[PDB]
Amino acid sequence: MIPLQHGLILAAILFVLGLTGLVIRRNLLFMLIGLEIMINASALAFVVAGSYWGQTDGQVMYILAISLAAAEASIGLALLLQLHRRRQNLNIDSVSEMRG
Amino acid sequence: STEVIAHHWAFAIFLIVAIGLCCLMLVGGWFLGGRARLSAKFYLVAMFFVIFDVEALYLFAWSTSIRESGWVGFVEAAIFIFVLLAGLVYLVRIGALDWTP
Amino acid sequence: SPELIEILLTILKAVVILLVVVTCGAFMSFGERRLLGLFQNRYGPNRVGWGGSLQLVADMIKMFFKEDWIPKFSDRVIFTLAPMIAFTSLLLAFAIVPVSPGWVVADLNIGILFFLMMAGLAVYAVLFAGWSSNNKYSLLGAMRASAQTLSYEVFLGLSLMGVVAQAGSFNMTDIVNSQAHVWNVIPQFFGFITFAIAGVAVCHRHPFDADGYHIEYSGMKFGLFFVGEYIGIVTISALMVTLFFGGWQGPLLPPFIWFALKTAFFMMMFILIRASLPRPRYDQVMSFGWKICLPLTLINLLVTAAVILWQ
Amino acid sequence: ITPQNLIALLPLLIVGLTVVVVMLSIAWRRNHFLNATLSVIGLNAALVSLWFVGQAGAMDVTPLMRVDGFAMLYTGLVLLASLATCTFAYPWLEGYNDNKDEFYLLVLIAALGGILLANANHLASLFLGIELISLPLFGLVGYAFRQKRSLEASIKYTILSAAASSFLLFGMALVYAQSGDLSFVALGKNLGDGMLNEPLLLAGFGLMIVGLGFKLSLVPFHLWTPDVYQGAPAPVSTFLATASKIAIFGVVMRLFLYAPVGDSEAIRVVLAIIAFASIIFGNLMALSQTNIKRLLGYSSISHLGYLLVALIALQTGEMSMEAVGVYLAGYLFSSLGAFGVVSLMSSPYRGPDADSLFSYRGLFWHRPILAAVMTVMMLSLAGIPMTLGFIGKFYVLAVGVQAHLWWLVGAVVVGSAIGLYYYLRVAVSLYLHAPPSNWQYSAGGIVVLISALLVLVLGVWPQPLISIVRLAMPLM
Amino acid sequence: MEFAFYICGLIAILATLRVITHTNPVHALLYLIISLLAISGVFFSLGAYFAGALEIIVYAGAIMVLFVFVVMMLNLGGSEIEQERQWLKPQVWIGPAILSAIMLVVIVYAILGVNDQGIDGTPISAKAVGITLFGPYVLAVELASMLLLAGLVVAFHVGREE
């Protein structure tokens, strides 16, 4: 009753919204938030694909995706805490010393 | 069916009555009456909770179908839980899971 | 049509369950006062009405007609939102409990999973109340309480996974149909005790309860926090009876009566635990949550799996 | 599940048991010597047990995993890279005032992900292997997080690799939506009669190409590479540049081999453009580099472009897999020796505040044998004959000529000339004029000297490497 | 089925749009939690009951709790960022917005030409997901345990105080 195309398009909308939030924001925290949005959109697309075929494989890939999301959110927030400790600001443009 | 849609209606009514009761309670509270740097240990504890929660989800999915997985599933869950306890022992022994030093 | 009257009868059953649960939470706030009096060689409130029965209505009116107050340089949406979470999360977690044959709100395929969802959402009440108050002491106290809550919610699910492993399904009716001969207090005794400690701890009860994060709350929001606490106590006790004590099963009395006496028994034990136990220190509480209870639940699930695969 | 399937799993099991054992040994006491020795013992044991896996044969251990001599060759390359990384890491970690033991646990877990990618036959296993080599690299790139450049590289690699993982996962989801099967061989099976180029399959493969080409430093997903290479610890730079690139290109090789959509002309044209741009841009950006880390990053971009040229000729040619194997052996030894000389001159770790500049000028007049090894690897990465890098360049040129990829062949020649300029600039700066003491630093010097001798010997005499790469065959 | 799916998808899109443009971090995290609840409702509409339960338990109940913890720890209130509002003026975001719109329209064009027999919505229970998860996918389970181990080790190594 639900089209597969509509679920895929919803996942794509959330993915490009997360990418936009990743690019436009100077604060590192909103960059991590956009990364979480993109990975949740990818997991949602896998759930839609698995539910269309009547397979468990979509939910299994969802489990793997949220395991990755948990690990990446942990590591990124640790790095953000380190940045706020060392430099007392979360401006990502100031972390730009290496160039050339 | 009939019983499943009756239960769907009952669950939806339960949801909306509970939410409306709380919101009405706060609305009536506002209406009536006359007027006149934290340490990183919090982050570490929340992070440990997240990691062990995902690993717990794997054990949740294991526990439902024990008699459909045989002894091989028990073996694989045994290596899973062994790595779980190895990580727990690693965290405890280094001071990660201690609020005070 | 019979379908329409069946739908309306089920809806009426769900609304009756919801009203009785909210009334039980408030009336057993009053009952907690009376039981603390009984346990402490005194009486408690026995003057407002017949036996103190109208004391709760007096408290409700007093908090209704108190002056509504929000701190000035504070967030409004988060401050108003935290008591709603503290009420709604466990009130909704009640919806999976089978009370008797023919009396259940939602016979979900997930059940226990819905309870875990509600507790995971329930931690946000403490976090939001601490942040929105614009007080450093309340914020620090809420972060402490939230860290403790996570420390016990991390093994709540596995402490119930022992029972799910024995039953082979997440459904609650199948779990209570798996108790027709032996209740899970005997085989899942480690699961029993760990769910007891976890259910006490995520409800912020004694002995699991930088000043507090409720100091800026007053009026009807404080009432929401406390009534949500006691509603969560009702829900946890009913879950405990459903999972480990057979639910509705009994030899002589009607099944609702058996469920009611067992739920009342465990709420009485909840208040007795409040009266008797002393409060441990923070680091001891987190260490007992992590070092002892989590490996205990993992080993309990492993041994349970080996035992059930033995037959 | 058979016990012979358990015999096919021994590198995975041995690396995982080394992970558990090293973790518990750290939990008992923090001893850098003992934990490092346990890590290299486990990696050496897995490298030895590859012989028992070879005696076991070749079989499909899961719907997920498939092990053949292709997988054992890639596993051996990844294990050798990891062993060299640990060997370079010990004299580096001697100067690290914080915990020196988590390094080896992350290196081992990354080697486990490399082994999974070596044996992966499934989109789930590919995603898992990608994430298993990525997240320990997040830890390792910013292991010295108090250092400003290492924290910068950690943040850059973590953010960009999370974004690329999202792209790869989204592409995998679209591919699964079209195909209904996450197995590699079914990616294009349900199509047919010239309907291979389905738009959703192509777009999913495009998003996976974005993620994997980030992981392979392919243009235009390449800008992270000099910054991350310069900021990362030097053994971490060695491990990234060797193990991550080799494992991910091995799994990309296998994916384009068994997927029926690997014969699509659109993906071939897009990968040809990416290879052309990677070769030209990586060679051109390294012309005026005085930093050896950024220079080697641009060099890695160019060398992965050459590898991609060998990848495009997969379906038309027959010697493409052998070309990738020989090129990857030469590239592994060359980058190992190069980043190893950088590592031992950056060892011991001097702290978060002091500079870590290489200063290769005049290296011969105070450290001559390492200067000789460094210029040998400069000649090898330039593709000069008497080096195995030339043998790989010759294989890439042979598969480009046989498949008539004349634009890529001309790109190889032109980028080779530009590479000659900057590589010879470095190699002759080693002998210009400029204005340790334990056995682990000597072991690192032994490792780079052995790799240089191997690249010289297989430059003059390449037949044993050709024979042992041809020994590896997949389950076609 | 379809009705709940469409409201939950619309709520998720709207909440994400409020997430990526808001200035207050706690408010943005609250909108992100709302979007996660909506995505779980979408999962329950499709029949992936385990996925919806996990979207509430794991994503909203653990990961967003970690983000909320970090934001409360740092006490973020726009240190010369809320005073600037650089991401709000169109001369900053007009490029990335149309770039994401172009990527979205290409992806949507690719999606629009595929076979679509319609999602049945028959519930794939967590028992079947467990049978598959400890049947054909056991290497994924073990290596995901090592994946979370790697993430835990990295996050402890980076997120200390000393």
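Odds and ends about this structure:
To keep things simple, chains are lettered A, B, C, D and E as they appear, and every chain counts its residues starting from 1.
The rule is simple: contacts are C-beta pairs under 8 Å (C-beta built on N, C-alpha and C of every residue); 3 or more make two chains touch, one makes a residue touch a chain.
Among the pairs B-E and A-B, the greater number of C-beta contacts is found at B-E.
For the pair chain A and chain E, the distance between C-alpha centroids works out to 6 Å. Centre-to-centre separation between chain C and chain E, using Cα means, comes to 29 Å.
Inter-chain spacing, taken between the CA centroids of chain B and chain D, is 39 Å. Between the Cα centres of chain B and chain C there is a gap of 14 Å. Of all residues in chain E, those that touch two or more other chains are 50, 54, 57-58, 61-63, 65-66, 69-70, 72-73, 107, 111, 114, 125-129, 131, 133, 137-138, 140, 142, 144, 146-152, 154-156, 158-159, 161.
Residue positions of chain A touching 2 or more other chains, listed in rising order: 4, 8, 12, 15, 18-19, 32, 48, 50, 52, 55, 57-58, 60, 63-64, 66-68, 70-75, 77-79, 81-82. Contact of a single residue of chain B with at least two other chains is seen at positions 38, 40, 42-43, 46-51, 53-54, 57-58, 60-61, 63-65, 72, 77, 83-84, 87, 92, 94. Of all possible chain pairs, the ones that touch are A-B, A-D, A-E, B-C, B-D, B-E, C-E, D-E.
Here chain E touches chain A in the complex through residues 1-2, 5, 9, 12-13, 16-17, 19-21, 25, 28-29, 32, 35-36, 39, 42-43, 45-48, 50-51, 54-55, 58-59, 62-63, 66-67, 70-71, 73-74, 76, 79-81, 86-87, 92-93, 96-97, 99-101, 103-104, 107-108, 111-112, 114, 116-122, 124, 128-129, 131-133, 137, 140, 144, 147-148, 150-152, 154-156, 158-159, 161, going by the rule given at the top. By the touch criterion stated above, chain B contacts chain E in their complex at residues 37-40, 42-44, 46-51, 53-55, 57-58, 60-65, 68-69, 72-73, 76-77, 79-80, 83-84, 87, 91, 94, 96. For chain D in complex with chain B, the residues that touch the partner chain are 1, 16, 20, 23-24, 26-28. Interface of chain B with chain D (complex): residues 72, 82-83, 86-87, 89-90, 92-94. Residue ranges on chain D touching chain E, taken from their complex, read 12, 16, 19, 23, 61-65, 98-99, 102, 105-106, 109-110, 112-113, 116, 124-125, 128-129, 131-132, 135-136, 138-139, 142-143, 145, 154, 174, 177-178, 198-200, 202-204.
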